[PDB]
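This document starts with one chain, in the form deposited in one PDB entry, laid out as structure tokens.
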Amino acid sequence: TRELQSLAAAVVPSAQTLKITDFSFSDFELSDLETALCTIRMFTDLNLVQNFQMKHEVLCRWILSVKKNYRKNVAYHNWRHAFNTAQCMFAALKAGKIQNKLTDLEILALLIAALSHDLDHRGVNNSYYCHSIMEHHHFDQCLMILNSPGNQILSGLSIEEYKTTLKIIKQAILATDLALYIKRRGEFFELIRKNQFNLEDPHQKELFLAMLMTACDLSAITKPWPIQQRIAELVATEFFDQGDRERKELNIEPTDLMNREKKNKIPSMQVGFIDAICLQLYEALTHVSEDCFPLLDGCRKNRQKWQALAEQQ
């Protein structure tokens, strides 16, 4: 296609130029093309392109097939969110110094997962066990693209590597199910507290990758105020949209979280979301690597902003 040709023939700026190394990065002013290029730089600077012999044109096609499988009519869960999640993973890996703590395969799997964790999301969200029905679909969507002719970016891996990578990609994507996050963080938080976290432990490694995925998945809550407020409104829109739709089809009354009115409650709930789900996670991550402080730091500053709004409301 023409789009593919443009992407595969364009020059890929340096990560520095793209500014994708900093946690404060923002996509809002970038074109789709620019996000695809950033994505290429991501796979490139993580040495995934050469270490795994990815064919440029195939990588390009795969990036487009993934972007393509996201629905733009969905307010928040679209390509951009997937892209920002991967941008954060890249940032955390580089600026957060998390890269030296993982293997190339773990890294390859995480990048792919971040980009694919919400594939074909329809805008139907949950609340807080649902058995990760949605994430299973996202994975199925990810595998499908990874196997489609011309998009096989994983060809080049041995059979054992492919098997390993696939297993990790699946756990990564399923880990983006908040219910599983809540189900597992307790143990993760205990270790960090008792000061006995050990990445050398296979189980503790998996646990970490899961916490990492959810951390990147929620990265918006850590971005600078202007960006956070903007994305927050996208989240709200999708929820309200779901509340209205859910009431249209089924005669169901939306919980305040999904009801369009009571929108003056977002500051209050954003503070609640941050307290109950984000802060502990980003703080704990800082104990793994102090270079991830910006994430924690950005989360706190947002809680102050939302708190001001709630009182002032």
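The numbering used is simple: start at 1 and walk along the sequence shown. Rigid core: the largest C-alpha set superposing within 1.5 Å between the two forms. Residues that one form lacks are left out of the comparison.
In none of the other PDB entries of this protein that model the residues around it does residue 199 lack coordinates, well short of a third. Across the other PDB entries of this protein whose models span the neighbouring residues, residue 129 goes unmodelled in a third or more. When the C-alpha B-factors of 166-174 and 202-210 are averaged, 202-210 comes out higher.
The mean C-alpha temperature factor is higher for 138-146 when 79-87 and 138-146 are set side by side. Comparing C-alpha B-factors across 218, 234, 130, 182 in the deposited entry, the largest value falls on 130. Within the selection 277, 250, 42, 60, the deposited Cα B-factor values reach their highest point at 250. In the PDB entry, residue 243 places in the middle third of its chain by CA B-factor. Ranked by C-alpha B-factor against the other modelled residues of its chain, residue 110 falls in the middle third. Residue 19 sits in the middle third of its chain by CA B factor, as recorded in the PDB entry. Per the deposited record, the Cα B-factor of residue 304 falls in the highest third when ranked against the other modelled residues of its chain.
Among the modelled residues of the chain, residue 118 sits in the lowest third by CA temperature factor in this PDB entry.
The same protein also exists as the form deposited in another entry; that form is not shown, yet it is the one meant from here on.
Just one residue from the list 183, 193, 71, 97 crosses the 2 Å line for C-alpha shift between the shown form and the other one on a rigid core fit, and it is 71. After superposition on the rigid core, the Cα atom of residue 220 is displaced by less than 2 Å between the shown form and the other one. The two forms, fitted on the rigid core, differ between the shown form and the other one by 2 Å or more at the CA of residue 263. Once the rigid core is used as the reference frame, the Cα position of residue 134 differs between the shown form and the other one by 2 Å or more. In the other entry, the CA atoms of residue 136 and residue 179 draw together by 3 angstroms or more relative to this form. In contrast to the form presented, in the other entry the C-alpha positions of residue 137 and residue 181 draw closer by 3 Å or more. Core-superposed comparison between the shown form and the other one: residues with C-alpha shifts of 2 Å or more form runs of three or more at 71-73, 129-138, 237-239, 257-263.
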